[PDB]
There are 4 protein chains.
Amino acid sequence: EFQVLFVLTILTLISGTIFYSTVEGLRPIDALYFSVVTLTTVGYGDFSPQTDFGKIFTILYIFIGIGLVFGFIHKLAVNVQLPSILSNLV
Amino acid sequence: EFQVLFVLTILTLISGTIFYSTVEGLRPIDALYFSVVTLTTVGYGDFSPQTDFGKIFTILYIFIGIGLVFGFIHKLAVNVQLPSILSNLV
Amino acid sequence: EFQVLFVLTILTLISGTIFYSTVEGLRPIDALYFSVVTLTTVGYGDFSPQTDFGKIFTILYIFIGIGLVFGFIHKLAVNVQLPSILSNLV
Amino acid sequence: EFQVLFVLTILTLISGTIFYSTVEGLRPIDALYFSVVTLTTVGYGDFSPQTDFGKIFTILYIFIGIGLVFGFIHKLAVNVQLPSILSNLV
Ligand SMILES: [K+]
Ligand SMILES: [K+]
Ligand SMILES: [K+]
Ligand SMILES: [K+]
């Protein structure tokens, strides 16, 4: 469960990294950071797409990616972080 | 279920596209992108309303639109993406 | 239920409007718009607090306000928007 | 329950305060404010990391912190705010 969502999240972030590095000219690290900041809905806006291709991709990436990323966050919190916290209390 | 939320999401995004293109002077593609970035709560701020009409509309659009857009995202994730993922594992 | 959350949301937004208009010098309409953009987690950043008082208030306002605003949005979506949609289908 | 999430949220925010004050050169109050604005997903972008260290930390901080912060917000809303509201109605 967690492993599948972890792998899917990595793949989704790799896709954004490649897209934004190529089409929007970002350094790969900036493209990865931007992809994370986007799909977690933080949205600083220090980076944002300038091209119409980038804007269209971003629309679709948000709709397809938010569900996966927040599914991963939920499983991380409930199946990894929560048991680790409980274990520390004993 | 999914079809109804899909159609409602398209209609909601068309409404924002028309509003922001007219009142805020955005290109239609920018107005659509801004509407998506708003209702998914990303909020880059590369675009934001400059007129009081735009600010008032945005308040109401957020309150009326977030529930529909995140209902659609939830149904997309659970009723489309999840079964597709499970099918790939077999 | 819905009425109580509606009133609480209005009161919470009035509080932010008064605070940001006074301490951060915003026009009341801008303060209301900023309060909404904050508590719905959109966060354009076209407005943001410049004073330390404003930053401290914003921290506490977010933590106390997000739960109320998203409780209201949930009740709006499920108890008002959903039945209205279903009624249109018949 | 609430106490544990409260303490964990404080610890998580202290960690961000120390990190962003040191690596990104922010005043401690700005680092705390930025940490809150990040983990609640508001993301104004008035502050954002400029260094690659800061961007990498921010990616990991978001993934590890969102679950804790929104767990705390949920418990605050349902176990503290809700009973206080109900008590006011009698
Ligand atoms: K945001
Ligand atoms: K958000
Ligand atoms: K934002
Ligand atoms: K922003």
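A note on names: the letters A, B, ... follow the listed sequences, proteins ahead of strands, and every chain is numbered from 1. Side chains included, hydrogens not; waters and symmetry mates left out as well; all remaining heavy atoms used.
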Check whether [X] gets within reach of chain C through its side chain, its backbone, both or neither, counting any heavy atom under 4.5 Å.
| X | value |
| --- | --- |
| B:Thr38 | both |
| B:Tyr44 | backbone |
| B:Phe57 | neither |
| B:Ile62 | side chain |

With a 4.5 Å heavy-atom cut-off (strictly below), which parts of residues 2-20 of chain C touch chain B? List them by number. C:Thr9, C:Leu13
Which residues, numbered in order, of residues 82-90 of chain C come under 4.5 angstrom of chain B by heavy-atom distance? C:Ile85
Can you tell me if B:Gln50 uses its side chain to pair, donor with acceptor, with the backbone of B:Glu24 under 3.5 Å? no
Ignoring hydrogens and geometry, is there a side-chain-to-backbone donor-acceptor pair from C:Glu1 to C:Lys75 under 3.5 Å? no
Measuring heavy-atom distances to chain B, does C:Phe34 have an atom under 4.5 Å in its side chain, in its backbone, in both, or in neither? neither
Turns out that what part of C:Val42 lies under 4.5 Å from chain B's heavy atoms comes down to both
Can you name the closest pair of heavy atoms from B:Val36 and B:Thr40 and give their distance? O-OG1, 2.8 Å
Return the minimal non-hydrogen interatomic distance between C:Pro28 and C:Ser21, and the atom names on each side. CA-OG, 3.2 Å
Mind checking whether C:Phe70 and B:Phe70 have ring centres under 6.0 Å apart? no
One should read off an interatomic distance between B:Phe72 CZ and B:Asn79 CG, to the nearest 0.5 angstrom, of 11.0 Å
Drop me the distance from B:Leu68's CG to B:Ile73's CD1, to the nearest 0.5 angstrom. 11.0 Å
Start with the C-alpha gap between C:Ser35 and C:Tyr61, add the side-chain angles, then the distance that decides, and say whether side-chain contact (heavy atoms from CB on, under 4.5 Å) holds. CA-CA 9 Å; C:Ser35 294; C:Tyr61 191 58; 3.5 Å; yes
B:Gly67, B:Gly71, B:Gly45: which one forms the most heavy-atom pairs within less than 4.5 Å of chain C? B:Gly45
Do B:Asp46 and B:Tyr33 pass the side chain to side chain donor-acceptor pair (under 3.5 Å) test, and can you show the C-alpha distance, the side-chain angles, and the key distance before you say yes or no? CA-CA 11 Å; B:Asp46 52 345; B:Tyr33 159 78; 2.7 Å; yes
